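Novice: My questions will all concern the structure given below.
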Amino acid sequence: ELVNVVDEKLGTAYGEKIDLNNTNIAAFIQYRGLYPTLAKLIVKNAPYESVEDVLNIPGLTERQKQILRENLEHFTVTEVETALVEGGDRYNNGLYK
Amino acid sequence: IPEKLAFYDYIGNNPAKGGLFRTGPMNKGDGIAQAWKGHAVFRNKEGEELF
Amino acid sequence: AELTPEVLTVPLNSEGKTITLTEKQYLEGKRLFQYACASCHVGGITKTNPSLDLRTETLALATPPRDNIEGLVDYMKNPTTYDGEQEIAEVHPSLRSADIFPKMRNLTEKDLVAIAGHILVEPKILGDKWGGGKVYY
Amino acid sequence: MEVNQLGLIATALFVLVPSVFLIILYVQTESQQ
Amino acid sequence: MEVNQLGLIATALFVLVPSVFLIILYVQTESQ
Amino acid sequence: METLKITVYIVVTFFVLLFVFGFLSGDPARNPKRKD
Amino acid sequence: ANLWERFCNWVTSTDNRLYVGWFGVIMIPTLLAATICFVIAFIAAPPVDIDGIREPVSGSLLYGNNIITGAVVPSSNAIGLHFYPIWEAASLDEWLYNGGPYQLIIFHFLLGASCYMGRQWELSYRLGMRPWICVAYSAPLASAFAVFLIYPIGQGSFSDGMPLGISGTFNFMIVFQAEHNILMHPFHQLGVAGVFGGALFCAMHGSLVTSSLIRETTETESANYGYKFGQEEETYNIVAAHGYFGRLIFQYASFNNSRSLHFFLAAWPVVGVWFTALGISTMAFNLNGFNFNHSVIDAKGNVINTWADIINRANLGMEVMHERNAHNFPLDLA
Amino acid sequence: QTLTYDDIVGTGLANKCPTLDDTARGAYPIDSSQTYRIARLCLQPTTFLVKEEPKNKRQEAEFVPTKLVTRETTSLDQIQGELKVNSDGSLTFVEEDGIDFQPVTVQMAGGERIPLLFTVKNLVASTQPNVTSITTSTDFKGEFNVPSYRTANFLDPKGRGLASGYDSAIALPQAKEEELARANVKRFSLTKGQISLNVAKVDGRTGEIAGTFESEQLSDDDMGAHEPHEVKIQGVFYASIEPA
Amino acid sequence: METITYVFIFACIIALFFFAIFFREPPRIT
Ligand code: CLA
Ligand code: CLA
Ligand code: CLA
Ligand code: CLA
Ligand SMILES: C=Cc1c(C)c2cc3nc(c4c5[nH]c(cc6nc(cc1[nH]2)C(C)=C6CC)c(C)c5C(=O)[C@@H]4C(=O)OC)[C@@H](CCC(=O)OC/C=C(\C)CCC[C@H](C)CCC[C@H](C)CCCC(C)C)[C@@H]3C
Ligand SMILES: CC(C)=CCC/C(C)=C/CC/C(C)=C/CC/C(C)=C/CC/C(C)=C/CC/C(C)=C\CC/C(C)=C/CC/C(C)=C/CC/C(C)=C/CC1=CC(=O)C(C)=C(C)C1=O
Ligand SMILES: CCCCCCCCCCCCCCCC(=O)OC[C@H](CO[C@@H]1O[C@H](CS(=O)(=O)O)[C@@H](O)[C@H](O)[C@H]1O)OC(=O)CCCCCCCCCCCCCCC
Ligand code: HEC
Ligand SMILES: CC1=C(/C=C/C(C)=C/C=C/C(C)=C/C=C/C=C(C)/C=C/C=C(C)/C=C/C2=C(C)CCCC2(C)C)C(C)(C)CCC1
Ligand code: OEY
Ligand SMILES: [Cl-]
Ligand SMILES: [Cl-]
């Protein structure tokens with residue numbers, strides 16, 4: 001009945017991909033062109049329903065919408081997990097080097 | 001009926017029910033009283049009250 | 001094992017062109033990197049922003065790309081954010097900002113390349129250690 | 001057997017303390033003579 | 001705390017037994 | 001706490017002065033050999 | 001004569017079973033207040049938020065400790081170096097939570113112990129002795145000032161002072177090695193030489209005087225009864241001890257002057273322990289022990305590890321675990 | 001007055017909310033065709049009550065007063081948010097940002113310490129309807145989120161945690177894990193609070209209001225290792241309303 | 001019982017201190 005909700009996420013697509021609703025902002029460094037500008041937007045605007053709602057962010061340039069399309073294959077969305085998003089842990093999760 | 005009063009009306013608090021080598025606190029014997037259960041009324045099948 | 005010209009060969013530009021270095025250049029580039037850079041970038045990390053290291057693979061994936069001497073000299077002249085979007089000479093030492101980063105006033109263009117070569121050569125030597133942080137000390 | 005644990009220290013002291021007192025007084029008696 | 005309950009008797013005789021030895025030796029000294 | 005603060009200040013103050021005046025009372029003379 | 005004079009002559013009486021003295025007048029109340037507070041806190045004090053993070057450490061016997069894990073816990077990092085008498089707290093309950101007894105104990109104690117030192121001077125003056133016993137005691141007094149006062153000063157918090165407990169002391173030692181490589185500081189290597197040599201020379205002098213005791217007893221009695229208190233004569237043959245020791249090594253590696261020998265015994269540990277107290281006191285200002293991390297490298301420039309790189313891996317394990325909830329940012333700068 | 005840091009520092013006044021003059025009891029006109037904002041909301045608790053646990057017989061739990069042990073660290077301030085005018089006329093404050101939480105530890109008779117996250121995160125407080133002006137009989141009633149007192153990286157003394165840490169009692173290799181599971185397994189709670197604010201002082205000139213608050217929220221449950229207590233907080237608030 | 005044992009033993013040590021100082025074999029000079 002009692003389960004570590006964080007380990008469980010690692011069994012979902014949060015474990016393979018950048019979860020646009022949960023993952024810390026420094027994982028967006030993994031792909032060209034996303035950090036810091038679009039990472040801040042994606043997160044600012046963060047709660048999405050499907051990965052493609054990210055293209056509708058108000059303000060994207062046309063190069064921006066293109067980069068997002070180029071890297072839609074690298075995103076997923078799962079349920080917002082409180083333990084991952086509280087404490088402002090999406091901006092700083094206590095991991096440095 | 002307040003529980004404090006009903007607890008007095010129970011022989012486990014009678015001082016004359018102990019033993020010379022049954023050591024420690026009363027709680028070591030019947031346990032720690034938690035709750036009055038209620039006053040038990042006994043009836044036979046004819047519905048007389050029994051005591 | 002030894003410092004050979006095959007180690008001292010690094011991408012000149014992103015064109016795939018390349019250049020070879022000497023023992024003297026590489027060692028000048030380690031000295032100058034210590035003098036101007038390692039206060040923050042010791043061992044390939046970045047103390048004031050651990051999220052960006054100097055690993056060749058990180059540089060590769062920056063806009064513009066920086067896993068060559070040219071894009072590195074350029075960044076030392078006119079730094080940008082990882083995505084190319086902002087200029088950051090106001091807070092990152094550069095020739096563009098050598099009035100407020102005085103260590104940069106006396107650096108020649110030959111000195112800048114020595115520093116890039118060092119940065120591109122050091123992971124071929126140390127691999128994971130460079131940009132790894134304390135896990136790898 | 002589920003037995004009172006302090007039974008042991010109680011019995012051990014009940015013996016040792018008075019017994020030691022008696023021995024102390026016997027031995028300093030022999031040394032007088 | 002869930003401690004060893006033979007620890008009390010062990011500490012107790014650890015103190016008493018060698019302690020008793022020394023008192024015995026001191027008193028029979030004072031009385032000669 | 002006010003009452004404790006005052007009372008500690010005064011205690012300390014008293015002791016301090018016993019120490020000061022005690023040594024100002026010709027301490028060099030208090031020794032077994034010579035009274036200067 | 002006058003009452004102030006009866007008093008002075010009592011304070012300084014060399015007839016009291018225990019000497020009072022003017023240092024004595026400050027030493028006595030302050031050591032009593034430290035001793036009574038310490039004993040009561042060790043048994044009964046409730047938990048203490050040492051690191052200022054609302055994670056209290058239980059140090060006392062009644063809250064589940066034993067003799068070996070028990071401590072009076074240092075005061076909160078939230079307090080830093082602020083003075084925190086009982087009268088600065090809203091309540092004893094607040095004072096206990098935030099570490100107040102530690103401040104009371106160490107201040108009264110540093111003070112009373114400093115006056116202990118002076119009292120040793122004082123009595124030696126009244127007895128007509130030479131005065132420098134108190135100088136030998138300055139070496140352990142210095143050491144207490146370092147772990148209780150100097151090191152918290154350099155680091156900004158009494159919370160980083162040495163706890164008053166057996167396991168707390170070890171805690172303090174491990175965190176210090178990680179943050180200062182104290183083993184690799186020469187002043188500590190000097191302190192070890194101070195104490196190993198001290199113990200060595202203790203056993204030697206003990207074994208050498210005892211080796212040369214003059215037969216003044218039989219085999220049925222302690223050889224100690226061959227010395228009579230305040231006897232005019234010496235009870236061992238120093239000439240005989242010299243002839244033994246000079247041969248064990250060579251003639252001039254051996255002392256034949258008693259005064260020179262005993263001054264050697266005093267100076268060796270005292271000096272070395274001055275150095276190691278100076279060691280803790282200077283690493284209080286992060287002047288740390290030698291760093292040979294990645295100091296050897298091959299023609300290519302691979303790191304060739306030495307034993308100092310193996311020390312640093314241990315250091316690093318202490319680093320990343322200690323005070324595991326208390327760092328938000330990558331460097332632990334105090 | 002216009003004091004300065006140096007005037008205030010080390011006195012405890014930094015943990016105090018501003019106050020309005022006893023004579024400040026006017027009213028702030030509200031204007032439907034306008035948009036409003038709280039530029040500063042300050043909450044300063046004065047008392048912390050915790051519901052005692054009534055025994056298995058129970059009868060009724062009272063709220064028992066407690067002792068503050070964490071010092072003058074308790075106040076919420078620099079809180080901002082917009083003030084909508086609703087359609088039934090009521091006004092609604094929607095907290096956006098601010099220093100909206102303080103960890104506090106109070107102590108109960110007998111020495112139980114009760115930590116809690118004193119908070120109004122995500123506060124949403126509305127007035128009764130048809131409010132044309134904020135007066136000295138205006139009430140808000142709100143609800144806020146109370147996240148876990150520790151966040152996911154916090155490690156317990158045996159190195160166990162949620163987002164980090166050991167996942168078992170490693171000091172007891174071959175113990176049965178069955179009975180330790182509630183302490184091996186860190187759970188992150190997020191519950192709900194409720195707060196009433198009661199305007200008692202108004203400066204219709206400046207846009208400054210002041211009054212008292214009461215809120216009810218849960219205490220720390222230590223990432224699921226024990227049940228939380230019910231807490232009631234009472235104190236005072238200041239607020240500054242600007243046009244937007 | 002463990003807290004008691006520790007405090008008892010510590011208390012006996014302090015009592016020992018008192019007799020060791022005040023009830024010593026007094027030293028004498030022959
Ligand atoms: C008049 C004295 C007195 C009284 C009435 C009590 C009463 C009590 N105490 Mg207290 N107690 C006392 C003195 C007293 N105590 C003293 C002096 C001490 C220190 C030693 C203690 C230490 C103490 C503790 C540590 C505890 C109590 C507890 C208790 C309770 C349970 C006691 C129990 O189990 O009895 C047991 C009694 C017996 C088994 C009878 C012993 C009599 C022996 C068998 C007679 C010896 C016969 C002799 C050898 C015959 C030979 C003679 C011939 C050769 C000439 C009870 C309220 C307990 C409690 O519940 O507290 C929470 C508890 O844990 N007491
Ligand atoms: C030799 C005696 C002596 C000394 C030197 C100290 C020393 C100390 N005590 Mg201790 N103390 C002692 C005896 C002593 N105590 C005794 C016997 C008790 C039991 C009553 C205590 C109980 C006690 C408590 C309960 C506390 C201390 C604390 C302290 C510290 C500072 C106290 C302070 O603010 O002083 C202030 C002293 C002065 C300003 C005097 C300066 C000297 C000048 C010459 C006189 C000044 C005039 C003065 C202002 C007039 C007084 C009245 C006025 C205010 C109306 C210090 C380590 C505090 C502490 O450890 O905090 C962590 C603390 O909380 N002590
Ligand atoms: C194999 C045995 C051995 C030897 C020879 C040494 C020797 C030494 N260690 Mg080590 N040590 C040992 C085992 C040993 N250690 C063990 C088992 C431990 C615990 C695990 C330690 C822990 C330890 C620590 C923690 C430290 C040392 C340190 C030292 C130095 C100071 C020791 C000192 O003053 O001793 C006391 C002895 C004397 C005062 C007498 C003189 C002894 C010297 C060394 C001999 C002189 C040689 C002589 C001049 C040559 C021949 C002369 C002839 C021609 C006339 C010294 C180099 C310290 C250090 O690193 O300093 C750099 C230090 O910090 N040791
Ligand atoms: C073989 C290994 C070895 C050896 C021999 C030493 C030896 C030493 N170490 Mg090092 N240490 C080691 C390993 C070792 N260490 C390791 C592995 C680590 C890393 C984990 C460290 C980390 C370390 C630190 C961080 C510190 C030391 C210190 C010391 C010194 C301790 C003794 C001292 O301070 O006396 C000095 C004497 C005293 C402190 C005594 C004070 C006496 C007071 C004034 C009187 C008290 C009265 C009392 C309360 C009442 C009694 C009365 C009663 C009779 C009724 C000594 C030189 C300490 C040091 O240099 O201290 C300055 C120190 O702080 N070490
Ligand atoms: C850990 C090592 C260590 C300890 C504990 C220690 C202890 C002592 N050394 C003394 C003396 C000396 N030590 C000397 C050399 C050395 N001492 C050394 C190492 C030590 N020396 C070393 C290595 C040397 C070689 C340099 C000399 C030369 C002297 C002396 O002259 C002196 C002495 O008198 O000789 C016997 C005594 C001072 C008495 C005093 O201050 O009464 C006053 C204090 C009293 C009565 C009570 C204190 C009560 C306090 C408030 C207790 C609470 C606070 C503590 C700090 C808590 C500690 C908890 C621990 C678990 C850390 C004391 C027995
Ligand atoms: C195969 C074959 C050839 C075998 C045959 C063997 C053969 C016969 C050999 C030929 C001869 C031979 C020796 C060949 C050469 C080999 C040779 C040179 C051996 C090398 C061995 C070696 C290097 C040993 C190292 C030396 C050593 C152990 C350390 C010495 C260093 C040193 C001087 C330290 C001590 C310092 C010091 C003086 C301490 C004082 C201590 C002191 C304070 C104690 C207290 C004290 C002192 C007193 O003083 C008195 C008074 C009293 C009271 C007293 O309390
Ligand atoms: C190139 C760099 C520049 C150069 C630098 C040079 C620095 C040299 C410094 C010299 C230091 C001064 C000499 C010592 C003082 C003095 O002589 O003592 C006085 C006595 C006199 O000796 C005794 O002398 C007596 C005669 S008299 O009194 O000296 O006149 C005689 O009676 C007796 O036999 C004899 O033993 O010395 C001794 O008794 C011998 C033991 C001396 C020990 C040395 C001093 C202290 C050692 C501390 C070591 C600390 C180590 C810590 C461990 C971690
Ligand atoms: C601290 C004051 C620094 C000093 C001195 C130097 N750098 Fe730096 N560097 C620093 C930061 C904070 C950052 C990240 C800036 C950002 O927001 O993007 C950087 C980044 C770089 C990079 C880019 C690495 C990447 O993965 O894209 C490079 C190539 C770089 N810095 C080089 C560099 C050199 C050569 C320096 C010495 C001349 C130097 N930096 C100094 C912080 C600091
Ligand atoms: C007069 C005189 C003298 C004497 C004096 C004296 C004798 C003093 C004393 C003093 C004292 C004797 C002091 C003491 C002090 C004490 C203290 C200060 C304590 C405190 C404590 C506390 C604070 C506690 C607390 C707690 C804890 C810790 C825990 C639990 C709880 C409680 C709360 C309880 C002389 C001779 C010198 C000379 C001159 C004159
Ligand atoms: O070592 Mn590491 O550094 Ca001197 O502080 Mn920063 O952490 Mn913390 O509280 Mn005690 O300790
Ligand atoms: Cl730690
Ligand atoms: Cl930090």
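Naming works like this for the structure tokens: A, B, ... for the chains as they're shown, residue 1 at the start of each chain, ligands 1 onward in shown order.
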Could the residues that lie within 8 Å of ligand 7, counting only C-alpha atoms and all ligand atoms, be listed as a ChimeraX atom specification?

Specialist: /G:189-195,197,255-257,259-261,263-264,267-273,275

Novice: Apply DSSP to the backbone of this structure and, from segment 19-193 of chain H, keep only the residues in helix (DSSP H, G or I); write these as a count of residues only.

Specialist: 11

Novice: Please extract the residues at most 9 Å from ligand 2, counting only C-alpha atoms and all ligand atoms, and provide them as an MDAnalysis selection string, using the chain letters and residue numbers of this document.

Specialist: (chainID F and resid 4:17 19) or (chainID G and resid 25:34 83:88 100:112)

Novice: Within 7 Å of ligand 12 (counting only C-alpha atoms and all ligand atoms), which residues show up? I'd like them as a ChimeraX atom specification.

Specialist: /G:326-329,332

Novice: Output N, CA and C atoms for every residue in that selection, as a PDB file, in the first residue's frame.

Specialist:
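Written file, selection.pdb:
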ATOM      1  N   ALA G 326      22.009  20.217   5.377  1.00  0.00           N
ATOM      2  CA  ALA G 326      22.279  21.583   5.774  1.00  0.00           C
ATOM      3  C   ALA G 326      22.937  22.431   4.683  1.00  0.00           C
ATOM      4  N   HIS G 327      23.298  21.849   3.539  1.00  0.00           N
ATOM      5  CA  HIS G 327      23.889  22.596   2.438  1.00  0.00           C
ATOM      6  C   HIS G 327      22.874  22.717   1.314  1.00  0.00           C
ATOM      7  N   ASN G 328      22.682  23.967   0.821  1.00  0.00           N
ATOM      8  CA  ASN G 328      21.860  24.231  -0.350  1.00  0.00           C
ATOM      9  C   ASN G 328      22.675  24.536  -1.581  1.00  0.00           C
ATOM     10  N   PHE G 329      23.965  24.783  -1.425  1.00  0.00           N
ATOM     11  CA  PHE G 329      24.768  25.301  -2.517  1.00  0.00           C
ATOM     12  C   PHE G 329      26.115  24.603  -2.551  1.00  0.00           C
ATOM     13  N   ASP G 332      30.965  24.181   0.503  1.00  0.00           N
ATOM     14  CA  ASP G 332      30.762  24.273   1.951  1.00  0.00           C
ATOM     15  C   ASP G 332      31.879  25.177   2.457  1.00  0.00           C
TER      16      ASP G 332
END

Novice: Just want the residues within 9 Å of ligand 4, written as number ranges by chain, counting only C-alpha atoms and all ligand atoms.

Specialist: G: 35, 109-110, 113-114, 116, 137-147, 162, 169-178, 180-183, 187-196, 269, 272-281; I: 14, 17

Novice: In Å, how far is it from atom CA of residue 106 of chain H to atom CA of residue 66 of chain H?

Specialist: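 Taking atom CA of residue 106 of chain H and atom CA of residue 66 of chain H, their separation equals 5.8 Å.
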
Novice: Extract, using only C-alpha atoms, all DNA, RNA and protein residues at most 10 Å from residue 15 of chain B, discarding same-chain residues fewer than 4 positions from it, and format them as a list in words.

Specialist: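 Returned residues: residues 11, 19 and 26 of chain B.
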
Novice: Write a file of the selected residues as a PDB file, in the first residue's frame, keeping N, CA, C and O atoms.

Specialist:
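Here's the written file result_10.pdb:
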ATOM      1  N   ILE B  11     -13.822  -4.059  40.715  1.00  0.00           N
ATOM      2  CA  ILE B  11     -13.036  -4.686  41.782  1.00  0.00           C
ATOM      3  C   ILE B  11     -11.549  -4.712  41.482  1.00  0.00           C
ATOM      4  O   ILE B  11     -10.741  -4.911  42.393  1.00  0.00           O
ATOM      5  N   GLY B  19      -1.734  -9.207  45.715  1.00  0.00           N
ATOM      6  CA  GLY B  19      -0.900 -10.311  46.159  1.00  0.00           C
ATOM      7  C   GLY B  19       0.472  -9.804  46.526  1.00  0.00           C
ATOM      8  O   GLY B  19       0.926  -8.786  46.006  1.00  0.00           O
ATOM      9  N   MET B  26      -0.802  -1.328  39.319  1.00  0.00           N
ATOM     10  CA  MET B  26      -2.041  -1.973  38.947  1.00  0.00           C
ATOM     11  C   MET B  26      -2.124  -2.177  37.454  1.00  0.00           C
ATOM     12  O   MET B  26      -2.721  -3.165  37.010  1.00  0.00           O
TER      13      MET B  26
END

Novice: Excluding same-chain residues fewer than 2 positions from residue 66 of chain C, what lies within 10 Å of it counting only C-alpha atoms, as a compact mmCIF listing (two decimals) with C-alpha atoms, in the first residue's frame?

Specialist:
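Result written to out28.txt:
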# COMPACT_ATOMS: atom_id res chain seq x y z
CA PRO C 11 39.07 20.68 -34.59
CA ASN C 13 36.65 24.86 -37.24
CA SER C 14 33.37 23.04 -37.50
CA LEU C 54 33.64 22.38 -20.54
CA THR C 56 33.76 18.57 -25.54
CA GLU C 57 30.31 17.00 -25.74
CA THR C 58 28.69 19.97 -23.99
CA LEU C 59 30.54 22.47 -26.19
CA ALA C 60 29.50 20.46 -29.25
CA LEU C 61 25.84 20.96 -28.36
CA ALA C 62 25.99 24.73 -27.77
CA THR C 63 24.68 27.34 -30.20
CA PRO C 64 26.93 28.26 -31.90
CA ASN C 68 36.54 23.87 -32.16
CA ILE C 69 39.19 26.50 -31.64
CA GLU C 70 37.33 29.07 -33.69
CA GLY C 71 34.04 29.02 -31.84
CA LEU C 72 36.01 29.08 -28.60
CA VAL C 73 38.13 32.08 -29.52
CA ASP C 74 34.87 33.65 -30.54
CA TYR C 75 33.23 32.90 -27.20
CA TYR C 82 24.18 28.12 -24.30
CA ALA C 116 41.09 26.72 -26.46
CA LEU C 120 39.90 20.70 -26.25

Novice: Enumerate as an NGL selection string the residues within 9 Å of ligand 10, counting only C-alpha atoms and all ligand atoms.

Specialist: :G and (50-52 or 77 or 152 or 155-161 or 172 or 175-176 or 178-179 or 319-320 or 322-324 or 326-327 or 331-334)

Novice: Which of these, I:24, I:5, I:19, I:30, has the shortest distance to chain G once you count only C-alpha atoms?

Specialist: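 For chain G, the nearest of the given residues is I:30.
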
Novice: If we count only C-alpha atoms, what is near residue 122 of chain H at a cut-off of 8 Å, once residues fewer than 6 positions away on the same chain are taken out, given as a PyMOL selection string?

Specialist: chain H and resi 94-96+143-145

Novice: With only C-alpha atoms as the counted atoms, please give the residues lying no more than 9 Å from residue 20 of chain D, apart from itself and same-chain residues fewer than 4 positions off, as a tab-separated table (two decimals) with C-alpha atoms, in the first residue's frame.

Specialist:
chain	number	residue	atom	x	y	z
D	15	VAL	CA	22.98	-13.04	48.78
D	16	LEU	CA	26.07	-11.07	47.92
D	24	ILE	CA	34.67	-8.49	55.87
D	25	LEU	CA	34.16	-8.68	59.62
E	20	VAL	CA	34.46	-6.27	47.62
E	24	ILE	CA	38.21	-6.91	52.50

Novice: Tell me as a PDB file with N, CA, C and O atoms, in the first residue's frame which residues belonging to chain H come within 7 Å of chain G, counting only C-alpha atoms.

Specialist:
ATOM      1  N   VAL H  69       9.320  28.050  20.391  1.00  0.00           N
ATOM      2  CA  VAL H  69      10.723  27.815  20.691  1.00  0.00           C
ATOM      3  C   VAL H  69      11.635  28.233  19.564  1.00  0.00           C
ATOM      4  O   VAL H  69      12.856  28.203  19.755  1.00  0.00           O
ATOM      5  N   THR H  70      11.106  28.650  18.420  1.00  0.00           N
ATOM      6  CA  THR H  70      11.931  28.945  17.249  1.00  0.00           C
ATOM      7  C   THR H  70      12.204  30.449  17.071  1.00  0.00           C
ATOM      8  O   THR H  70      12.864  30.850  16.096  1.00  0.00           O
ATOM      9  N   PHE H 154      15.078  15.561   1.715  1.00  0.00           N
ATOM     10  CA  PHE H 154      15.464  15.556   3.124  1.00  0.00           C
ATOM     11  C   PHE H 154      15.775  14.128   3.544  1.00  0.00           C
ATOM     12  O   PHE H 154      15.016  13.203   3.224  1.00  0.00           O
ATOM     13  N   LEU H 155      16.913  13.938   4.208  1.00  0.00           N
ATOM     14  CA  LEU H 155      17.313  12.608   4.672  1.00  0.00           C
ATOM     15  C   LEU H 155      17.133  12.483   6.175  1.00  0.00           C
ATOM     16  O   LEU H 155      17.468  13.402   6.934  1.00  0.00           O
TER      17      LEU H 155
END

Novice: For residue 5 of chain D, please output as a PyMOL selection string all residues within 12 Å (counting only C-alpha atoms; exclusion window: fewer than 3 positions along the same chain).

Specialist: (chain B and resi 23) or (chain D and resi 1-2+8-12) or (chain E and resi 4-9)

Novice: Which residues are near ligand 1 - at most 8 Å, using only C-alpha atoms and all ligand atoms? Format: as a list in words.

Specialist: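 Going residue by residue within 8 Å of ligand 1, we get residues 20, 21, 22, 23, 24, 25 and 26 of chain B.
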
Novice: Counting only C-alpha atoms, which of C:113, C:135, C:36, C:126 gets nearest to residue 12 of chain C?

Specialist: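 Among the listed residues, C:113 lies closest to residue 12 of chain C.
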
Novice: Tell me, which residues of segment 188-233 of chain H carry DSSP strand (DSSP E), written as a ChimeraX atom specification?

Specialist: /H:190-203,208-218,230-233
